[PDB]
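# Fold and geometry: a report
So you can see what is in the structure, the chains are spelled out below.
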Amino acid sequence: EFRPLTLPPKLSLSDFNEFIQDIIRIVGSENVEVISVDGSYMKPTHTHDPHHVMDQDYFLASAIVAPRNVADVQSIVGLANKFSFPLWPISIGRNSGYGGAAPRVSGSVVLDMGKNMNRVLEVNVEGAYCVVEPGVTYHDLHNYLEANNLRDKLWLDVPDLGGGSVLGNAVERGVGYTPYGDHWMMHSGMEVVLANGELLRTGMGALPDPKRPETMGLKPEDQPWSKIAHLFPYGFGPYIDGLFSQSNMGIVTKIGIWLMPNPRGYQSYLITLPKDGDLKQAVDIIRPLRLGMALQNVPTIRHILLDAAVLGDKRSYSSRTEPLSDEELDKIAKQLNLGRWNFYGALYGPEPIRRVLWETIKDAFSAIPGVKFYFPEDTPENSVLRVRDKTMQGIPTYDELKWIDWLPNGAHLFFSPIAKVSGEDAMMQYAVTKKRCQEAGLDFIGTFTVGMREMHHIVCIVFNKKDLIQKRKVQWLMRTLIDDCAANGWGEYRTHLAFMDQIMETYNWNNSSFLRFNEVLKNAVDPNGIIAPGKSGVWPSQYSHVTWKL
Amino acid sequence: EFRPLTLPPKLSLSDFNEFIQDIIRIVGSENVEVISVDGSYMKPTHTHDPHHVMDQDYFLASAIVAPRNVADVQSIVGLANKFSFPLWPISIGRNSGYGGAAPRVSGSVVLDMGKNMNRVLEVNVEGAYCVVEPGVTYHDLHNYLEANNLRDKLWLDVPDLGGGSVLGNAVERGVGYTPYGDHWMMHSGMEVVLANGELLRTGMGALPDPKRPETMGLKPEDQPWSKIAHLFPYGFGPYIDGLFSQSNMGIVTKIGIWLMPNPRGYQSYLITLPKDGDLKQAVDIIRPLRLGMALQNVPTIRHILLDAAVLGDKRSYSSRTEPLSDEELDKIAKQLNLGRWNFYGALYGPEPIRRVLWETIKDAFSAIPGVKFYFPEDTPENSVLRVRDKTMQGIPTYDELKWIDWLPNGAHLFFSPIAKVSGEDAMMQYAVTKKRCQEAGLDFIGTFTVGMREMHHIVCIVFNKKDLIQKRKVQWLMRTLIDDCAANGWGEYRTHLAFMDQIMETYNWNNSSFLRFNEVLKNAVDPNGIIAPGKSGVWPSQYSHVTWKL
Amino acid sequence: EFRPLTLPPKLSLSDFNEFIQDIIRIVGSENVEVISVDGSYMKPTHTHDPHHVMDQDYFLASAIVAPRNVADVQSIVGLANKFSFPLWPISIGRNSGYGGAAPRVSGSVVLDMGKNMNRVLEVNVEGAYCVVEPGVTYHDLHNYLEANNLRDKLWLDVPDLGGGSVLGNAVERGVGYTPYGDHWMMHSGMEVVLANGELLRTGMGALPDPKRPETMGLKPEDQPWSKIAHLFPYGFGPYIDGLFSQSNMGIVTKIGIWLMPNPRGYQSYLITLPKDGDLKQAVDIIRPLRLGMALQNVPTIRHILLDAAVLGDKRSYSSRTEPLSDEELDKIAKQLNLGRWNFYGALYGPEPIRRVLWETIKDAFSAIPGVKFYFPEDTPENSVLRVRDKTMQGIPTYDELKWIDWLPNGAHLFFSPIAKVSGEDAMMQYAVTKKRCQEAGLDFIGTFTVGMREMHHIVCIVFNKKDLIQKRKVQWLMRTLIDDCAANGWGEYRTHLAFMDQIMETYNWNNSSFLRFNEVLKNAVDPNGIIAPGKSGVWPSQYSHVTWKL
Ligand SMILES: *Cc1cc2c(cc1C)nc1c(=O)[nH]c(=O)nc-1n2C[C@H](O)[C@H](O)[C@H](O)COP(=O)(O)OP(=O)(O)OC[C@H]1O[C@@H](n2cnc3c(N)ncnc32)[C@H](O)[C@@H]1O
Ligand SMILES: *Cc1cc2c(cc1C)nc1c(=O)[nH]c(=O)nc-1n2C[C@H](O)[C@H](O)[C@H](O)COP(=O)(O)OP(=O)(O)OC[C@H]1O[C@@H](n2cnc3c(N)ncnc32)[C@H](O)[C@@H]1O
Ligand SMILES: *Cc1cc2c(cc1C)nc1c(=O)[nH]c(=O)nc-1n2C[C@H](O)[C@H](O)[C@H](O)COP(=O)(O)OP(=O)(O)OC[C@H]1O[C@@H](n2cnc3c(N)ncnc32)[C@H](O)[C@@H]1O
Ligand SMILES: [Cl-]
Ligand SMILES: [Cl-]
Ligand SMILES: [Cl-]
């Protein structure tokens, strides 16, 4: 194809067209779309940010390219190094809230790995693991287990939604709710295409499977893996796998992600916290039970607007452009039979043990007045515990999407600071953030996910993607929240295309020692800067901080 | 000081002497000893391998240098880059079995970080963590907790011996026995001196603590850390902390290692497996209970000679140069009231729960004939369960050292392959190894440590460091075992100075993609090759594979 | 000399000693002092900061070297480029409040240009200018005019104190009180030794004086200048003279600074502003009279503590460690017959014109209640108007030093933000700063100097250089004030050795475009980084931001 709306840096039109042609020849006309509107969580867009904060085509691809297999990826990379064309690799592109399929650098080629590279490569029962390609979404993994009847032996671990890529999420260091929630910490042996085009397999993935007739002559991409590949992440020597998470270090072709065997028992529940101020004691409560294991999976403490929101649009709670007052929340909270702050968790294993865990949990939370316990049964058909019920057992849903719906053309943007598991610290953070959401004229909506000795505070910024004034308040809110929290000793864990530089600038101990070490490693392996420049604020030297940052 | 026995590559004598003098001026005459015999686990040697396989001075330092604080380290590194002098950083030097304090490259300066850099920087109770300097050994950490009465709130996690460095062990990706056994996976935020001399703090360690009077003007080495430093290892962006384990990437000045709160209950035990062949069913038994959590800490399956050995010298079991026969083992096993294979584990938490866990464990192992359960009580004063009892609760010992004593001038050397948690695979591996120990004329002695979906097979090679013929059989055994296991799809997790190249050559999938990626990263950050060249077989380009490997 | 306390980067001791010897041979043993306490405004120290905020020897010289003439400077620079020794050029070293004689980089050689290079090169009456060497202080210039009877034709322009260098002050873009106060804007044609060692003369200084017998064969340093050198700063082409102010671009050997002819009339005065809040209207008052010229020189608006302070130690006003309250100020103000805010100015020229100017000024200030006008006559012998009287006519003093005396071992540190000439903006700034001085436990003391369309807010931080706790509060105050003002759209005009990086980081529009442009220019001309690295936060590339900034 002929003439894009946007060309990558320094590339002439003829060069775009030459590269472009070589590629049609590699992948098929069908595997490429040059770009001369947003879409659906259901039929996601690859060209840009659908939940866009900046201008719609602000971050935009020059062309979309679908590798049919690992070889193509090696081919595109060779060509990208020839022309100095930057690549923006995505698995599924559902990173909405963080940018979606959009590239940090506009005019880049978007590589949707997931279209043709969809395979469940293996589900190992004794080893209790699966091996996967980017196109493998969570629902897909589920359906794979169902139709192969694996449901009874092994459980999945899902984030709030069903359409994400098991792989991409893991690279982002994503999170889910079972005891296997730390996604990234669950991986073992992965394969990546380096910037040079060469294939690499990490850990025990480097120890080659022994030779045999059946396996002779297969392309490396195609070789089976050694016995320990997916059971011990370390392998031998420097443990380099992390340079692959939230980095521009390579293209991930496959990965092993550990699976939880059916636990022999499961009980999910809700505990409503009546007062806004209760977040305080609840957190001090959650603290020792988490370190101690009465608390198993990653439990979550939700704010009322989030459940109110899965339930209905702002408009069906109040016709007020303004943010709802603290009294209107208490009202909604009551109508819903929920609290100010809502706690979801789940029990795992023999009833005899669940029994004892629950007696302990139920007892600790009791120091909180007006506290109330429920089981899915004990609640309505449209309840959130009902949904999260499936969620805490590895079963995929999409009901949570309706929360994005609070506003007319709602779009989400995530502020994702981390806080200690201290009522005090959590209260402090909620304050700082809440206040600012206010000055911006927005309802504060959020949830803290309970790590073992840390918490992920996911502030859900919802806004009308069609309101310039607002969209502008959102960029002001963000950058401000970012500075305020850092001022308080807290930094974000993951972020959107537009705040990467800002957030990385936050991580400045000792004159930016961290970005600098990072820069040195990226230039070594990506001398031509072709793979995702700017990601996490890491820039190839070919990219000017003056021209590039934001 | 004047004239070493061995000079690093290409350095003239005058240069040695100049560098050497600059350094006395930096650290004090007292912090340095130029080298113009082996010693004790109790008073370890810094100059070379005490448990030496090769010739005694085979791997040897030119001088020993003790930095008084992080600044010195920055100073020595600047000087080392001036003269191109290689550094060999050690915390405590107890890596006997792997080389001890000895440097891969002889003539290097040995840096004992641990002498002056001994401090417990912090023990955080709410956060359930400690922050440490290299000189901090395990006993020391223990005594620190005792004398500050912290014993009742938090538990340590120790490897078999008490003298190691909490830090150094962790970098090596060492292992211990409580539920917090994966040492490395327990760290959060560490500080390292890069090859360039610049300071770096990982993860949330990069998010700087906010400013305040009390903290103004302190050297960076000296600044407190942000609130989340030690509670969430990830921070933001590429997770680079692993380039710091078993690598030549930097000098570790400090590290945060997570602590287990007193569990409210603990019960340790032993289960004797009568037949040599029982390893098979036991492993298939251990398998689902480990994935499921009836098995908590890292349990261990020991071979009889190991307990026989903590108990007494080969000489007090039999005067036979030859290896003891399979019948003599069954005899020793009986005299000791132990099995062929011995299983140690421990229970944690409320009796009500331990109760249920133990009923399940006790019941599974019963399909094994002649099986027998014991509690420390149920056994003698000199028993191993008695020792491991302290061990599985974080309490430090040294009784296990006597096993090194099997032979007259016993020295240990570790073959450390990894095997699946399959009776079949474990049996296969034990075979291959056992056979070879035989052809070498040596008693096979070993233990498998139970990971969750993998096992660490620690083969304990004991030999007389004073017997040339033998020492030679040992090098033959090793290199052979190394090739045989790889041929079987298994590779080692950690190794001695002398087998690093060999072992790394094993990890060759796709034309050595792994060592090559590694090499590229090291040259970038260590353009002058000054930090530990050759470690894990990773060589700076200034170092010739032809001249350097083994 | 033998062995310094501190060596510059990467220099060996022998190298220090070699360089050092070459230099004794160039300048005389007498012109050099190697350093193997603070001193006096009267006998200033060249080795470090006397008014030190950080640790005393924090910023410190390796050796002090006194060039006897421009050739030596060319010689030292050649040697400094040989060894890569950094130079820290000072004229007189009275930059106390900003660091004094101390070098940004410790171990640098301090060059006191002023000792041997003291000459008044010319005082041109028709052209109304003087030409000078660094050692030429203000008193000296005065005495030069007196003893050559030039007092009646031309007037000097002095800052608050008499000991500064006319030259050094100008480079710093210093300020004084007559109509010729913008020191830097008063210069024409200067001479500098480039980093390469070559001599340069700016503007019309490049147009060579025509040839003649009398002038034949003189060294260039020694050649007279063309007729227009000191009368039109521009010359022809790029006007590069500014790369010489507050920069590391070169060593200034001489400079032409324009002189004000005796005006034919002079009247100085004071106007007391009764209320703290009066700063507001007064500034709105000063505004149009300044743009219009009823206001001539640079008038100053002082805070009461400053006059109180020239008058007496905190101790003789109150024994209170705490800061004096707003009521105690009103008291002091009354005892002194002064206001809350005090305004000093001076009239110039024919009485007939002064007459009209004064009627206008006197009339505008009258909208302020309790306002009062005075002439030196109308006030006491120890008054500040009495001192500033000489000051506003170019006559040098030192009475103002006593203000440094507020505290026991008082030391000053200047926060020097700039504010609009708006009551509103000035009030806002005073607020922000005042508040912080409070949280630090310090009396706020300051003065705004009236530029024509801007004001220099000189906040005078006085502290006890011998109090660690305090010294620490001072560093906290500073860095905080720095961030707060920038947050308010205001940045500092000049600063201390310790806040240069911080302040430059403030000037970040468009990804730091400014420091970057600057860096590019410095490396070009100072490829070896030998001249003042770090000044104004500008670092040679040989200097690591990670190792260097603060
Ligand atoms: C809107 C929303 C989002 C959301 C959520 C709830 C709602 C209402 N709940 C989340 C949760 O509970 N946990 C979580 O981790 N994320 C949550 N999200 C955000 C988002 O939906 C998920 O993170 C989602 O799984 C991510 O989108 P997807 O999985 O489709 O990933 P992607 O768009 O392909 O992007 C991945 C990013 O990582 C890098 N990447 C991706 N693929 C590769 C390959 N092959 N190689 C190298 N890097 C890769 C890129 O940086 C890409 O941008
Ligand atoms: C003889 C023996 C050994 C042993 C054991 C039982 C016996 C009888 N049981 C072990 C166990 O249960 N678990 C385990 O991990 N190791 C076991 N060992 C082996 C050994 O004793 C321990 O691993 C011991 O803790 C290690 O010795 P030490 O802790 O003193 O470490 P070191 O000699 O200082 O060496 C550490 C190596 O790692 C790198 N290193 C060390 N310090 C630094 C710093 N500051 N910066 C960067 N790298 C560092 C070096 O490569 C050094 O060689
Ligand atoms: C304590 C104090 C200070 C003060 C003041 C009142 C008090 C109580 N009032 C001031 C005023 O009204 N106006 C003003 O400009 N400054 C005021 N100060 C501060 C200080 O005393 C003066 O600025 C003083 O004139 C500066 O000290 P000095 O004149 O001795 O300068 P120096 O120490 O030599 O430093 C000059 C700096 O500029 C660069 N420099 C100096 N010489 C050279 C040469 N030859 N070549 C290149 N650069 C040069 C250096 O950066 C040096 O640090
Ligand atoms: Cl999701
Ligand atoms: Cl040990
Ligand atoms: Cl002055």
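Cut-offs applied
Residues numbered from 1 in each chain as written, not as in the entry; some residues may be left out. Chains lettered and ligands numbered in written order. Part of a larger assembly, values for the part shown. Heavy atoms only, no water. Residues with missing side-chain atoms left out of burial classes, pairs and counts. Helix = DSSP H or I, 4+ residues; strand = E, 2+ residues; numbered from the N terminus. Rg over C-alpha atoms; globule rule 2.2 N^0.38 Å. Contact = heavy atoms within 4.5 Å. Buried area = accessible area lost by both parts, 1.4 Å probe. Salt bridge = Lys/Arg side-chain N within 4 Å of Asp/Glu carboxyl O. Polar contact = N/O pair within 3.5 Å; in protein donor to acceptor, adjacent residues only side chain to side chain. Nonpolar A, V, L, I, M, F, W, Y, C, P; charged D, E, K, R; others polar. Least-squares fit on C-alpha atoms. Near = heavy atom within 4 Å. Areas by Shrake-Rupley, 256 points an atom, 1.4 Å probe, with all protein chains shown as cover. Buried < 20%, exposed > 50% of the residue type's maximum accessible area, 1.4 Å probe, protein only. Pairing = 2+ DSSP bridges. Disulfide = S-S within 2.5 Å. Expected span 1.5 Å × (residues − 1). Axes fitted to C-alpha atoms, helices over the stretch in contact; angles between N-to-C directions. Parallel < 35°, antiparallel > 145°, perpendicular 65-115°, else oblique. Left-handed = near helix turned anticlockwise from the far one by under 90°. UniProt positions renumbered as here; feature names shortened; annotations may be inferred.

Judging from the entry metadata, X-ray crystallography is the method by which this structure was determined, and 2.5 Å is the reported resolution.

### Describing the overall build of chain A
When helices and strands are tallied, chain A shows 15 helices and 19 strands. Over its C-alpha atoms chain A spans a radius of gyration of 24 Å, differing by no more than 12% from the 24 Å that the globule rule assigns to 550 residues.

### Examining the interface of chain A and chain B
Each partner contributes to the interface: chain A provides 88 residues, whereas chain B provides 89 residues. Between chain A and chain B, a total of about 7700 Å² is buried, with carbon and sulfur atoms accounting for 68% of that surface. Three residues, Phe 236, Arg 453 and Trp 509 of chain A, lead the burial of chain A against chain B; their summed loss comes to 14% of the area buried on that side. Here chain A and chain B share 4 salt bridges between them. Here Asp 425 of chain A and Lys 227 of chain B are joined by a salt bridge, their closest N and O atoms 2.9 Å apart. The interface formed by chain A and chain B holds 33 residue pairs in polar contact in total. Only β9 (199-201), α6 (279-292), α9 (351-364), β17 (418-419), α11 (423-439), α12 (468-487), α13 (500-506) and α14 (509-525) of chain A provide two or more residues apiece to the side of chain A that touches chain B. A total of 10 residues in the side of chain A that touches chain B trace back to one element, the largest contributor, which is α14 of chain A. Its residues placed into classes, the side of chain A that touches chain B shows 52 nonpolar, 23 polar and 13 charged.

### So, the relation of the copies chain A and chain B
Superposing chain A onto chain B requires a rotation of 180° together with a translation of 0.0 Å along the rotation axis, leaving an RMSD of 0.0 Å. Viewed as a symmetry operation, the transformation between the two copies matches a two-fold axis.

### Notes on the relation of the copies chain B and chain C
Expressed as a screw transformation, the operator carrying chain B onto chain C has a rotation angle of 90° and an axial translation of 0.0 Å, and the superposed copies differ by an RMSD of 0.0 Å. Given the turn and translation reported, the copies of this chain are related as if by a four-fold rotation axis. Ranked by how close their C-alpha atoms come to the rotation axis, the residues of chain B are headed by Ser 14 of chain B, at 9.2 Å.

### Description of the site of ligand 1
Residues and elements named next belong to chain A. The environment of ligand 1 is made up of 27 residues, and the closest members are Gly 93, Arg 94, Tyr 177, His 412 and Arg 494. In this structure, an oxygen atom belonging to ligand 1 sits 2.8 Å away from a main-chain N or O atom of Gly 93. Within the residue set of the shell around ligand 1, elements represented by two or more residues are β3 (87-90), α5 (166-171), β10 (251-258) and β16 (410-415). Its residues placed into classes, the shell around ligand 1 shows 13 nonpolar, 9 polar and 5 charged.

### As for the site of ligand 2
Residues and elements named next belong to chain B. If you check the shell around ligand 2, you find 27 residues, and the closest are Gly 93, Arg 94, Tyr 177, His 412 and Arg 494. Contact between ligand 2 and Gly 93: an oxygen atom at 2.8 Å from a main-chain N or O atom of the residue. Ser 165 places a main-chain nitrogen or oxygen 3.2 Å from an oxygen atom of ligand 2. Here ligand 2 loses 93% of its free accessible area of 970 Å² to cover by the protein chains. Of the residues in the shell around ligand 2, the class split is 13 nonpolar, 9 polar and 5 charged.

### Regarding the pattern of salt bridges
Applying the stated criterion to the full structure yields 91 salt bridges over all chains. The salt bridge involving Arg 340 of chain B is made with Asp 330 of chain B; its shortest N-O contact spans 3.2 Å. In this pair, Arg 340 of chain B sits in the loop between α8 (326-336) and β14 (341-348) while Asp 330 of chain B sits in helix α8, placing the two residues 10 residues apart along the sequence. What makes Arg 340 of chain B buried here is its relative accessible area of 2%. We note a salt bridge from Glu 400 of chain C to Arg 302 of chain C, for which the minimum N-O separation is 2.5 Å. Taken as a pair, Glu 400 of chain C in the loop between α10 (384-391) and β16 (410-415) and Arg 302 of chain C in strand β13 (residues 300-303) lie far apart in primary sequence, 98 residues in all. Take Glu 400 of chain C and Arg 302 of chain C: they sit in the same class, and that class is buried.

### Concerning the pairing of strand β8 (residues 187-193) of chain C
All names here are of chain C. Here β8 lies mainly inside the structure; 7 of its 7 residues are buried. Note: β8 against strand β10 (residues 251-258), 6 bridges, orientation antiparallel. Residue pairing for β10: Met 190 is matched across the bridge by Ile 255. Direction of pairing for β8 relative to strand β9 (residues 199-201): antiparallel, over a ladder of 3 bridges. In the strand pairing of β9, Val 192 is matched with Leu 200. Between β8 and β9, which pair antiparallel in sequence order, lie 5 residues; one of them, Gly 197, sits at a positive phi of approximately 100°.

### A word on the interface of chain B and chain C
Counting residues at the interface gives 11 residues for chain B, matched by 15 residues for chain C. When chain B packs against chain C, the two sides together hide about 980 Å² of surface, and 56% of this comes from carbon and sulfur. Considering only the side of chain B, the residues that lose the most area to chain C are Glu 198, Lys 211 and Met 216 of chain B, jointly responsible for 46% of the buried surface there. In this assembly, chain B and chain C are joined by 0 salt bridges. Between the two partners, chain B and chain C, sit 4 residue pairs in polar contact.

### What about the state of the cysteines?
Within this structure, the stated rule accounts for 0 disulfides over all chains. Distance from the sulfur of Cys 460 of chain A, which forms no disulfide, to the nearest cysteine sulfur (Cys 437 of chain A) is 10 Å.

### Details of helix α1 (residues 13-27) of chain B
Each α-helix winds once per 3.6 residues, and so residues spaced three or four apart point in a common direction. All names here are of chain B. Along its 15 residues, α1 runs 21 Å from first to last C-alpha, staying within 8% of the 21 Å computed at 1.5 Å per residue. At its buried positions, α1 is contacted by β1 (32-34), β2 (63-65), α2 (70-83) and β4 (109-112). Taken from the residues just after α1, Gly 28 is the one with a positive phi, measuring 100°.

### Concerning unusual backbone geometry
Residue and element names in this part refer to chain A. For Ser 84, which is not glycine, the phi dihedral falls at a positive 60°. Mapping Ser 84 onto the fold places it in the loop between α2 (70-83) and β3. When its relative accessible area of 37% is taken as the criterion, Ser 84 is described as partly exposed.

### Examining the environment of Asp 182 of chain A
Inspection of the secondary structure assignment puts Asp 182 of chain A in the loop between α5 and β8 (187-193). In sequence terms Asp 182 of chain A and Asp 157 of chain A are 25 residues apart; their C-alpha atoms lie 9.3 Å from each other.

### Here we look at the side chain of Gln 502 of chain A
With respect to the helices and strands, the residue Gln 502 of chain A is situated in helix α13. Those residues within four positions of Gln 502 of chain A in sequence are excluded, and the remaining contacts are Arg 479, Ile 482 and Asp 483 of chain A.

### What to know about the sheet that holds β10 of chain A
All names here are of chain A. The 5 strands lie next to each other as β5-β6-β10-β8-β9, forming an open sheet whose pairing is antiparallel. One side of each edge strand has no neighbouring strand; the edge strands of this open sheet are β5 (120-124) and β9. The sheet shows a mean angle of 10° between the axes of neighbouring strands, direction not considered. In the sheet, β5 pairs with strand β6 (residues 129-132) via 4 bridges, with the strands oriented antiparallel. Its bridge partner being in β6, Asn 124 is matched across the sheet by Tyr 129. Contacting β8, β9 and β10, α2 crosses the sheet at an angle of about 50° to β8.

### Some details on the packing of α9 of chain A against helix α9 (residues 351-364) of chain B
For the pair α9 of chain A and α9 of chain B, the least separation of the axes is 10 Å and the interaxial angle reads 170°. When the interaxial angle is binned, α9 of chain A and α9 of chain B end up roughly antiparallel. In this structure, α9 of chain A crosses over α9 of chain B, and the sense of that crossing is left-handed. On the side of α9 of chain A, the interface is formed by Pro 352, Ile 353, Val 356 and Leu 357 of chain A, while α9 of chain B contributes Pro 352, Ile 353, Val 356 and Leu 357 of chain B. Its residues assigned to classes, the contact of α9 of chain A with α9 of chain B shows 8 nonpolar, no polar and no charged.

### Topic: the UniProt feature "domain: FAD-binding PCMH-type" in chain A
As recorded in UniProt, the sites labelled "domain: FAD-binding PCMH-type" are residues 57-262 of chain A. A helix fraction of 16% and a strand fraction of 20% characterise residues 57-262 of chain A, whose end C-alpha atoms lie 45 Å from each other.

### Some thoughts on the UniProt feature "active site" in chain A
Here the UniProt-annotated "active site" positions come out as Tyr 98, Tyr 493 and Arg 494 of chain A. The annotated residues occupy 397 residues of the chain but converge on a single region, no pair of C-alpha atoms lying more than 11.9 Å apart. With respect to the helices and strands, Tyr 98 of chain A occurs in the loop between β3 and β4 (109-112). What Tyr 98 of chain A contacts, discounting residues up to four positions off in sequence, is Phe 414, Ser 416, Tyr 493, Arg 494, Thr 495, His 496 and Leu 497 of chain A. Each residue touching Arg 494 of chain A, except ones within four places of it in the same chain, is listed here: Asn 95, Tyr 98, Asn 169, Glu 172, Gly 174, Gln 246 and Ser 416 of chain A together with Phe 236 of chain B. Within the local environment of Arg 494 of chain A, its side chain forms a polar contact with the side chain of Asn 95 of chain A, the two groups lying 2.9 Å apart.

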